[PDB]
Each structure stands twice: as structure tokens, then as C-alpha cells.
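Okay, structure first, notes after.
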2 protein chains.
Amino acid sequence: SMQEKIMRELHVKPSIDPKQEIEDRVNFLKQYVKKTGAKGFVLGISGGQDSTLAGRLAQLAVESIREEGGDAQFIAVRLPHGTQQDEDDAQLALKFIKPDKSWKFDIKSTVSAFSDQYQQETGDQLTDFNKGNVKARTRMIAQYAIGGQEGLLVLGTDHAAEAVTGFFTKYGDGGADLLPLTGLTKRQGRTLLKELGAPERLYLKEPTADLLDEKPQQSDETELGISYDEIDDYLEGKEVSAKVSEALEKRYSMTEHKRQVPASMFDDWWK
Amino acid sequence: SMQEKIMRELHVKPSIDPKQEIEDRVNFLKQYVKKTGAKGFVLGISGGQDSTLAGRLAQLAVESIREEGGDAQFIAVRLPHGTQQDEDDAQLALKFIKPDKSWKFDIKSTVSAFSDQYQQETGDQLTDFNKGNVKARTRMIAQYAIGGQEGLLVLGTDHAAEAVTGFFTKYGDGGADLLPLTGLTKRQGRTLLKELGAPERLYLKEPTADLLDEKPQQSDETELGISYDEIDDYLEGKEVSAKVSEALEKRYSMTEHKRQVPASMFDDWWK
Ligand SMILES: Nc1ncnc2c1ncn2[C@@H]1O[C@H](COP(=O)(O)OP(=O)(O)OP(=O)(O)O)[C@@H](O)[C@H]1O
Ligand SMILES: Nc1ncnc2c1ncn2[C@@H]1O[C@H](COP(=O)(O)OP(=O)(O)OP(=O)(O)O)[C@@H](O)[C@H]1O
Ligand SMILES: Nc1ncnc2c1ncn2[C@@H]1O[C@H](COP(=O)(O)O)[C@@H](O)[C@H]1O
Ligand SMILES: Nc1ncnc2c1ncn2[C@@H]1O[C@H](COP(=O)(O)O)[C@@H](O)[C@H]1O
Ligand SMILES: [Mg+2]
Ligand SMILES: [Mg+2]
């Protein structure tokens, strides 16, 4: 089945044991860092569900490593573009995560400079959509810079519900070293957050990429036109409307390039 | 055999037919663009060998596309960080490539704006090494912005002699849509340029990533500690000294991460 194939490719489980998922995902983080000899992790904290979940798992992983007499640290970093409208949630996220270090890097001046030079060289203004993708790539650079200066791995927040739709920026939030949330559906992620003792405000929060200047904090589902719950039912193998399965299936193939290393002539996935 | 496994993973032919290689690679470019319905390609033209070769292939593919009655175009772009020391070679490359459009985007103001914020936020100054990586990722953003504005795909110039040593910036120049030079060694590449009639200056100069301010135009061979000729003999399946094989193989395993999508607990390669 196409749905069965996707489920298997994305590593989704129809049902999970939240306590055990948390243990294994924290152990993955611990084992990876130790194998590489890295000094910890860095992650951009948005105030959204996924980063809040991934950020707490990272914090639990570095605490465990030190308990074992190792040395590891977690740097949480806010990356607003000027004034973030839901900064309050970010601040709440931080209180809940309790990271070893909380940094900040406002990306407005870089993005501005980039924009101004674009129009000056080409005579065109960047569209809102293209500017939104510049913002997402700038956050990548910012995280890689901190990671580079401090000897840390960059965590990525991709999970099955964002993966199936290719809903992330190529080499932007998609640019990361490791993925602790792989295989989890949106609802399964909320379950994990609930078991961790997270504030309800962080997991009943409407998912948003908030990249646009013309339409702040726009909802994922709006941009998508399918509900995350429909998405979760499909991935968890529940039966859904054919109108649902076909639109999901089509977007998945169309976004395969985001899930693979750059194409060459020796690759067949694209043919 | 380790050498033999690398050769196969990297797609290297111990022996090639240059005219056939040219045809295959120009056809892959035409095949991809038709499948995806993209309008053409964009690529950064450095004045070094690799970008000169890829740029010429690209130009040939779009001219061939337009001959069969299709529509496709090629934008060649200069990405100097202020004044590029070998700008003269880059101008010579454009003259050989003969692209449909040649644009320019100076990344210096974006890089300075970034470095300045870094220091304002962290109180630290970027190392020359880390700043060099910001230049590379900024060039990626520039190309993806032009591609986004115009509807084009981003070509990347990675080839086997760069892949084997992980000599490219992750999500910097490693960030692209498709790779026309995959499997070619440095010398095989020179052979293709000789077949296409390129100016000798373009493949006689020393390869350099030129990302550093403190040590501009530093040659790869200096950074690497091995020459491109020892690298090519290894890749080509020739019996090299124990000292080349050791160094190469050590370097390859340490950079595997640059050659896979981000690691998850479900991947085995990292264990
Ligand atoms: N089939 C393809 N193969 C390889 N690269 C592709 C393909 N289709 C598009 N691309 C590249 O990917 C970019 C789009 O990816 P990006 O991460 O920006 O998603 P987005 O534009 O934010 O949203 P959308 O999901 O609507 O594409 C394009 O501008 C192009 O460079
Ligand atoms: N084993 C690993 N797994 C995943 N990511 C890693 C691993 N080792 C390093 N990294 C990440 O890769 C980055 C290094 O890649 P990058 O392109 O920046 O290379 P570089 O430092 O310019 O050159 P080199 O890596 O050859 O010294 C590090 O900042 C870190 O975030
Ligand atoms: N304003 C922000 N501040 C910090 N990190 C951010 C910000 N926006 C996005 N991120 C990062 O980008 C990832 C993807 O966001 P999203 O598109 O909402 O799924 C988040 O999980 C964060 O790690
Ligand atoms: N000064 C530059 N101008 C334009 N493109 C460049 C520049 N430097 C690097 N690039 C691009 O980056 C790729 C990698 O360069 P290199 O590290 O020299 O192998 C090149 O093949 C170009 O496509
Ligand atoms: Mg998210
Ligand atoms: Mg090169």
C-alpha cells in the first residue's frame, strides 16, 4: 500500500508507549554525542510544540551525560526576526526546558542586508515568500555558527507529520545534524509533551512556521489545506478519505527531493 | 576492499570515454529538468575548474533543450566577498561558458552584518574559519534566492575528489538540487574541460575554496595534506602507497555525515 509504504519509510508506529519513547529518544541523543565526541547541542527555540519537545529531550540528555561523569551542555537560542509576536510562549518554553544556556540572535539585520543587496544587484524586490525562505536559512547559519564556535551538534525538529508533506525549508530548518523526533506524528508528539509535564499552552498551540511579513503566524493547516489530525490518521494507518490519501500521496512524491541527498544521474528515486 | 567500496559508493569509473561522459551528463541535466518542469538552472561561477566545467555543461543542456522546442535558461552568477583576488579568471570562465545571463551578488554586507550581530549577541568574535563557513552558506542563500525568484534549480559542483575528503561546507556549497559532476576525479574533470576546449589557465591554476580572510586563496592541498594526484590514483583504483590509503580512509569515515541526510535513531550508518 502507498500508505503502508510511507508509514514504513517514515518510521511511524500506530501506537507508542510515551514513557519508553522518551527513554529511547534521550538515549539516542546520548549515544550519538558520545560516538562523535561532540560537546553538546544547540537548538533554536520557537515557543512551538516541536522545538519545546526536542529542547527538553536535549536537556535531559546532557544532564544524564554529566551524571555519568561526562561533559556536555545544551544551548537553547531564540532567533526572532525583530519582534516575535508569540515571544511569551518562547519564554514559557524556556522556563519549562531549563536549558544550561539561553542565547539570543536576532536575524533581522542579516536578512535586511541580504534583501537590500538583492534589489540593488538585480533591481527586483524579494517576494514575501522568498524572503521567508531567506529567514529560515539565516537561522540555519546562526545555529551552525554557534555550533561551530562551541563544538556542538545542531538538532533538527523534523518529525513524521512535517516529513510527509515536505513542510520545511530545504537547507533551512531542514538543515541539521541529528533528528530526535523522527517517526512521531503530531498527536504522538503532544502525548510526549503531556507525559513530560508541559504546560497545556505549549501543546494545544496552533502550529505555525511564521515566516511571512505580510501574513504573520499563519497556521500550517491553512497553507496545507488538510488538518494535522487527518495527517496523523493517515500516517498511523487509520483509514481516511480517498481525497485525503491522494493529496497526501501526491505532495510526498513531489517533495522527495527534500528527503534525499542532492540528485545525480546514478540515482533512480527521481525517475 | 576499502578502496574498492569507496570507488563504488562514489560512482567512479577507473576508465572513461570523455565524449560519452559529456553526452551523459548533459542528458541527465535535460532529463531532470523535464521531469520536474523547472525552467533552468542557476550556478555560482568561481573562476576555478569545477564551476567552469559544470557551467559549460549547463549552458549546453539549455541550448539543446531550446533546440527541441523547449524553454529553459541558465543564469551564471559571480559571488565575490568584496574584491575577489582572481576575478580575472572568473571573467575568463564566463567568456568560455557563454551563459544566457550573467549576474553578480556581492555577499560581503550580509556576512558583515552577520558577524557584527554575532559579536553583539555573544561578546565573541567569529573565528576566521567559522566566518569562512558563513561565506559559503551565504552563497547558498544567494543562489536559492535567485532560483526562487526565477523558477530555476541550483546546480552543485561536487565531484568524487571533493566527496572522498568531505571537502565542502555542509549546507554551504554542499547545498544544491542536482550534481552533474558526480563520479569524476579531478584529472577526469580536466580531461572534460580539455575536450570542450577550455582555456588552460582554468585547469592549470591551484584549486582553492578561498574562504579565509587571514589566508586568502589558500590551496586545498595545503589544508588537506595530500595532493589531488594521490587522491585521483586512489579513486581510480591504482595501487597507491599505504600512507595515502590510510589518510584517505580515515578522512572518509569521519565525514560520512556530510554524505547522508541528518541522522535518526533508525539509521545504522553512524553506529
Ligand atoms: N524536483 C526537484 N528536485 C530538486 N530540487 C527541487 C525540485 N523541486 C524543487 N527543487 C528546489 O527546492 C526549492 C523549494 O524548496 P523549499 O525548501 O524552499 O520549499 P518551499 O519553497 O519553502 O515550499 P514548497 O513546499 O512550496 O516548495 C526550489 O526553489 C528548488 O531549488
Ligand atoms: N559526526 C557528525 N555527525 C553529524 N554532524 C557532525 C558530525 N561531526 C561534525 N558535525 C557537524 O558538521 C559541521 C562541520 O561541517 P562543515 O561543512 O561546517 O565542515 P568544515 O568544518 O568546513 O570542514 P571539516 O569538517 O573538513 O573540518 C560541524 O559544525 C557539526 O555541526
Ligand atoms: N523564531 C524562532 N526562534 C527560534 N528558532 C526558531 C524560530 N522559528 C523557527 N525556529 C526553529 O525552526 C524550527 C521549525 O519551525 P516550524 O516551521 O514552526 O516547524 C523550529 O522547530 C525551531 O527550531
Ligand atoms: N567567489 C565565488 N564566486 C562564485 N561562486 C563561488 C565562489 N566561491 C565558491 N563558489 C561556488 O562554490 C563551489 C565550491 O568552490 P570550491 O570550494 O572552490 O570548490 C564552486 O564550484 C562555485 O560554484
Ligand atoms: Mg515544527
Ligand atoms: Mg570545487
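All chain A residue numbers match Swiss-Prot; in order, they span 2-272.
The backbone N, Cα and C atoms fix where each Cβ goes, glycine too.
Over in Swiss-Prot, the protein carries these features:
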{"type": "BINDING", "residues": "A:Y33, A:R138, A:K171, A:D178, A:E224, A:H258, A:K259", "note": "deamido-NAD(+) binding site"}
{"type": "BINDING", "residues": "A:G45, A:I46, A:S47, A:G48, A:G49, A:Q50, A:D51, A:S52, A:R79, A:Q85, A:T158, A:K187, A:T209", "note": "ATP binding site"}
{"type": "BINDING", "residues": "A:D51, A:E163", "note": "Mg(2+) binding site"}
#### Entry: Site extent for deamido-NAD(+) (largest Cα pair distance over A:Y33, A:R138, A:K171, A:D178, A:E224, A:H258, A:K259, Å)
35
### Task
Measure from each Cβ of the binding-site residues A:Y33, A:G45, A:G49, A:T158, A:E224, A:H258 to the Cβ atoms of chain B, and list in sequence order the residues where some distance is under 8 Å, or 'none'.
A:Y33, A:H258
## Note on the structure
argmin Cα dist to A:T209 (ATP binding site) over the binding-site residues A:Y33, A:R138, A:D178, A:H258, A:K259 returns A:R138
### Query
Could you give the maximum C-alpha to C-alpha distance in Å for the residues A:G45, A:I46, A:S47, A:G48, A:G49, A:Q50, A:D51, A:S52, A:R79, A:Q85, A:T158, A:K187, A:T209 that bind ATP per the record?
23
### Query
Cα-Cα separation of A:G49 (ATP binding site) and A:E224 (deamido-NAD(+) binding site), in Å?
17
### Summary
Quick note, A:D178 (deamido-NAD(+) binding site): same-chain residues at least 6 apart with CB under 8 Å of its CB -> A:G148, A:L154, A:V155, A:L156, A:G157
### Summary
Per DSSP (three-state), A:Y33 (deamido-NAD(+) binding site) is helix
### Summary
Min neighbour Cβ count (10 Å) across binding-site residues A:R138, A:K259 flags A:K259
### Message
Can you tell me which of these binding-site residues sit near ligand 1, meaning the Cβ is under 6 Å from at least one of its atoms: A:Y33, A:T158, A:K171, A:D178, A:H258?
### Response
A:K171, A:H258
### Summary
Sequence-ordered list of residues in the chain of A:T158 (ATP binding site) that lie 6 or more positions away and have a Cβ within less than 8 Å of its Cβ, or none, is A:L44, A:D51, A:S52, A:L54, A:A55, A:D174, A:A177, A:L180, A:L182
### Task
Measure from the Cβ of A:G49 (ATP binding site) and count the other Cβ atoms within 10 Å, all protein chains considered.
22
